[PDB]
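Q: First the structure, which I've put down as structure tokens, then a few questions once you've had a look.
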Amino acid sequence: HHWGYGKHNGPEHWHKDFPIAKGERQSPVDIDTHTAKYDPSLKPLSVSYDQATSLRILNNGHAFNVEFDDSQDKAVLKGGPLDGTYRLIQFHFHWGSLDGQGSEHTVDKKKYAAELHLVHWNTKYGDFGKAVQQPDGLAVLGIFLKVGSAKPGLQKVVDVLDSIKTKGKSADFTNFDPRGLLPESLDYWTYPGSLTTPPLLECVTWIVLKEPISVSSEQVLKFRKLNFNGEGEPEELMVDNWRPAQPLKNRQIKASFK
Ligand SMILES: NS(=O)(=O)c1ccc(Nc2ncnc(Cl)c2[N+](=O)[O-])cc1
Ligand SMILES: [Zn+2]
């Protein structure tokens, strides 16, 4: 009976195995755009993905991860609200059973169809496992998806999904360029938060882009054909794998833009 997204094991049950679920800096949150203060001391975000080396893609029974070789100084995030240098390790998405829901962060209570999380760890901690034990260990770049025009840079991911339908399947996935998933503008909101799945560690500087990317109805439909279950088990569609907004408590969301 491990955690997941259903009635019996979904977000509202997680605190029993993971008591930090009811912590002081949990994610995601609603971003109230009127209350986020513009901070002229914030820097432009620096996203340097030209040398990113993807290795594999994995269905882990909760989402799919595109994993990167983070053994060398390649794909890094810096500037913005960050001190120092954070190295890309993986990305994944959260999405809905319908276009009206699926994101984890919301914007003035608006839910997007999906949300992409590019996950990076602070190089001052040597690796991801050590980094997740620190309050400034991770920087997650969140990008909203809406349904409209197709995103050509996503199609390579969409096409491999039918090869990792069920929990525990993986496939080599080299030469994928995550620059093709970024919107034009790097305007963002930032706040201190946590992982949005167990173990729900309070180790993340969240950077949430204001500009969503558009994906087609056919692309998001293929996300929804994934399975939470493993091969030879009764089919449970991988949909609604998002955590709802959590209490903001004693936090300020900052805006990089007027
Ligand atoms: N949804 S989120 O907040 O972006 C988020 C949530 C959980 C994780 N967990 C991990 N991510 C990468 N590798 C490992 Cl090895 C783990 N892990 O902890 O298993 C990463 C990102
Ligand atoms: Zn995530």
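Convention: chains lettered A, B, ... in structure tokens order; per-chain residue numbering from 1; ligands numbered from 1 as shown.
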Listing only residues of chain A within 10 Å of ligand 1, what is the closest atom pair and its distance in Å (to one decimal) for each, using only C-alpha atoms and all ligand atoms, sorted by chain and residue number ascending, as a tab-separated table?

A:
```
residue	atom	partner	partner_atom_place_in_ligand_line	distance
A:26	CA	ligand 1	3 (O)	9.7
A:27	CA	ligand 1	3 (O)	7.4
A:28	CA	ligand 1	3 (O)	8.0
A:60	CA	ligand 1	19 (O)	9.7
A:63	CA	ligand 1	1 (N)	9.4
A:65	CA	ligand 1	12 (C)	8.1
A:66	CA	ligand 1	12 (C)	9.9
A:67	CA	ligand 1	12 (C)	8.3
A:88	CA	ligand 1	12 (C)	9.8
A:89	CA	ligand 1	12 (C)	6.8
A:90	CA	ligand 1	12 (C)	6.3
A:91	CA	ligand 1	4 (O)	7.6
A:92	CA	ligand 1	4 (O)	7.4
A:93	CA	ligand 1	1 (N)	7.9
A:94	CA	ligand 1	1 (N)	7.8
A:104	CA	ligand 1	1 (N)	8.6
A:115	CA	ligand 1	1 (N)	9.5
A:116	CA	ligand 1	4 (O)	8.2
A:117	CA	ligand 1	4 (O)	5.0
A:118	CA	ligand 1	4 (O)	6.9
A:119	CA	ligand 1	4 (O)	5.8
A:120	CA	ligand 1	21 (C)	8.7
A:121	CA	ligand 1	12 (C)	9.4
A:128	CA	ligand 1	13 (N)	7.2
A:129	CA	ligand 1	15 (Cl)	7.1
A:132	CA	ligand 1	18 (O)	7.5
A:138	CA	ligand 1	21 (C)	8.7
A:139	CA	ligand 1	4 (O)	8.8
A:140	CA	ligand 1	4 (O)	5.9
A:141	CA	ligand 1	4 (O)	8.1
A:142	CA	ligand 1	4 (O)	7.9
A:193	CA	ligand 1	3 (O)	8.7
A:194	CA	ligand 1	3 (O)	6.2
A:195	CA	ligand 1	3 (O)	3.3
A:196	CA	ligand 1	3 (O)	3.9
A:197	CA	ligand 1	6 (C)	4.8
A:198	CA	ligand 1	7 (C)	6.6
A:199	CA	ligand 1	18 (O)	6.7
A:200	CA	ligand 1	6 (C)	7.1
A:201	CA	ligand 1	7 (C)	8.3
A:202	CA	ligand 1	3 (O)	9.6
A:203	CA	ligand 1	3 (O)	9.3
A:204	CA	ligand 1	3 (O)	7.6
A:206	CA	ligand 1	3 (O)	8.8
A:241	CA	ligand 1	1 (N)	9.8
A:242	CA	ligand 1	1 (N)	8.4
A:243	CA	ligand 1	1 (N)	8.7
```

Q: Write out as a ChimeraX atom specification each polymer residue whose atoms come within 10 Å of region 175-186 of chain A, counting only C-alpha atoms; drop sequence neighbours fewer than 2 positions from it.

A: /A:44-56,66,68,75,80,91,116,118,143-145,151-157,172-173,188-189,207-215,256-257

Q: I want to know what sits within 7 Å of region 223-226 of chain A, based on only C-alpha atoms, with residues of the same chain fewer than 6 positions away left out; could you give that as a PyMOL selection string?

A: chain A and resi 97+165-166+237-239

Q: Atoms to include: N, CA, C and O atoms. Write the selected residues as a PDB file, in the first residue's frame.

A:
```pdb
ATOM      1  N   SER A  97      -6.602  14.388 -16.203  1.00  0.00           N
ATOM      2  CA  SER A  97      -7.508  13.538 -16.983  1.00  0.00           C
ATOM      3  C   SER A  97      -8.363  14.324 -17.993  1.00  0.00           C
ATOM      4  O   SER A  97      -9.120  13.692 -18.816  1.00  0.00           O
ATOM      5  N   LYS A 165       4.973   2.084 -21.700  1.00  0.00           N
ATOM      6  CA  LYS A 165       3.584   2.252 -21.258  1.00  0.00           C
ATOM      7  C   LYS A 165       3.381   2.024 -19.734  1.00  0.00           C
ATOM      8  O   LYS A 165       2.599   2.711 -19.086  1.00  0.00           O
ATOM      9  N   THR A 166       4.060   1.005 -19.190  1.00  0.00           N
ATOM     10  CA  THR A 166       3.761   0.536 -17.855  1.00  0.00           C
ATOM     11  C   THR A 166       4.917   0.719 -16.869  1.00  0.00           C
ATOM     12  O   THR A 166       6.059   0.930 -17.260  1.00  0.00           O
ATOM     13  N   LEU A 237      -5.047   4.220 -15.954  1.00  0.00           N
ATOM     14  CA  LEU A 237      -4.442   5.248 -16.791  1.00  0.00           C
ATOM     15  C   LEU A 237      -3.668   6.214 -15.912  1.00  0.00           C
ATOM     16  O   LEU A 237      -4.145   6.641 -14.838  1.00  0.00           O
ATOM     17  N   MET A 238      -2.513   6.583 -16.411  1.00  0.00           N
ATOM     18  CA  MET A 238      -1.664   7.583 -15.727  1.00  0.00           C
ATOM     19  C   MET A 238      -2.231   8.981 -16.078  1.00  0.00           C
ATOM     20  O   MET A 238      -1.864   9.623 -17.079  1.00  0.00           O
ATOM     21  N   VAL A 239      -3.095   9.448 -15.171  1.00  0.00           N
ATOM     22  CA  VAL A 239      -3.755  10.803 -15.276  1.00  0.00           C
ATOM     23  C   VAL A 239      -3.908  11.374 -13.873  1.00  0.00           C
ATOM     24  O   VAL A 239      -4.023  10.605 -12.870  1.00  0.00           O
TER      25      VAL A 239
END
```

Q: List the spatial neighbours of residue 109 (chain A) as a ChimeraX atom specification - criterion: any atom at most 10 Å away, only C-alpha atoms, same-chain residues fewer than 5 positions off excluded.

A: /A:29-32,245

Q: Determine the nearest neighbour of ligand 2 from the options A:253, A:150, A:114, A:160, counting only C-alpha atoms and all ligand atoms.

A: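 Looking at the shortest contact to ligand 2, the residue is A:114.
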
Q: Please compute the CA of residue 4 (chain A)-CA of residue 62 (chain A) distance, one decimal, in Å.

A: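 We find that CA of residue 4 (chain A) and CA of residue 62 (chain A) lie 6.8 Å from each other.
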
Q: Using only C-alpha atoms for the distances, tell me which of A:137, A:167, A:57, A:100 is nearest to residue 236 (chain A).

A: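 The shortest atom-to-atom distance to residue 236 (chain A) comes from A:167.
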
Q: Between A:205, A:33, A:149, A:103, single out the one closest to ligand 2, counting only C-alpha atoms and all ligand atoms.

A: A:103

Q: Compare A:14, A:38, A:3, A:64 by their minimum atom-to-atom distance to ligand 2, counting only C-alpha atoms and all ligand atoms, and give me the closest one.

A: A:64

Q: State, in Å with one decimal place, the distance from CA of residue 22 (chain A) to CA of residue 240 (chain A).

A: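 Spanning CA of residue 22 (chain A) to CA of residue 240 (chain A) is a straight-line distance of 21.0 Å.
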
Q: Extract the full set of alpha helix (DSSP H) residues from region 17-239 of chain A according to DSSP on the backbone, and format it as a ChimeraX atom specification.

A: /A:17,128-131,155-160,217-223

Q: For those residues, write C-alpha atoms to a file as an mmCIF file, in the first residue's frame.

A:
```cif
data_model
loop_
_atom_site.group_PDB
_atom_site.id
_atom_site.type_symbol
_atom_site.label_atom_id
_atom_site.label_comp_id
_atom_site.auth_asym_id
_atom_site.auth_seq_id
_atom_site.Cartn_x
_atom_site.Cartn_y
_atom_site.Cartn_z
ATOM 1 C CA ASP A 17 4.067 8.098 5.776
ATOM 2 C CA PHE A 128 21.501 14.882 -5.912
ATOM 3 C CA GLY A 129 21.151 12.560 -2.914
ATOM 4 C CA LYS A 130 23.124 14.908 -0.656
ATOM 5 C CA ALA A 131 21.546 17.991 -2.188
ATOM 6 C CA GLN A 155 7.232 15.328 -30.191
ATOM 7 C CA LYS A 156 10.313 13.151 -29.603
ATOM 8 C CA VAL A 157 9.142 12.544 -26.040
ATOM 9 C CA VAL A 158 5.513 11.822 -27.136
ATOM 10 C CA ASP A 159 6.618 9.287 -29.665
ATOM 11 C CA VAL A 160 8.627 7.094 -27.257
ATOM 12 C CA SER A 217 -4.538 17.978 -27.795
ATOM 13 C CA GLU A 218 -2.919 14.925 -29.522
ATOM 14 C CA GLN A 219 0.317 15.380 -27.555
ATOM 15 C CA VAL A 220 -1.407 15.535 -24.148
ATOM 16 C CA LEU A 221 -3.714 12.622 -25.189
ATOM 17 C CA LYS A 222 -0.594 10.435 -25.566
ATOM 18 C CA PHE A 223 0.507 11.359 -21.971
#
```

Q: Write out as number ranges by chain all residues of region 115-216 of chain A that DSSP puts in strand (DSSP E) for this structure's backbone.

A: A: 115-122, 138-147, 170-172, 188-193, 204-209, 213-215
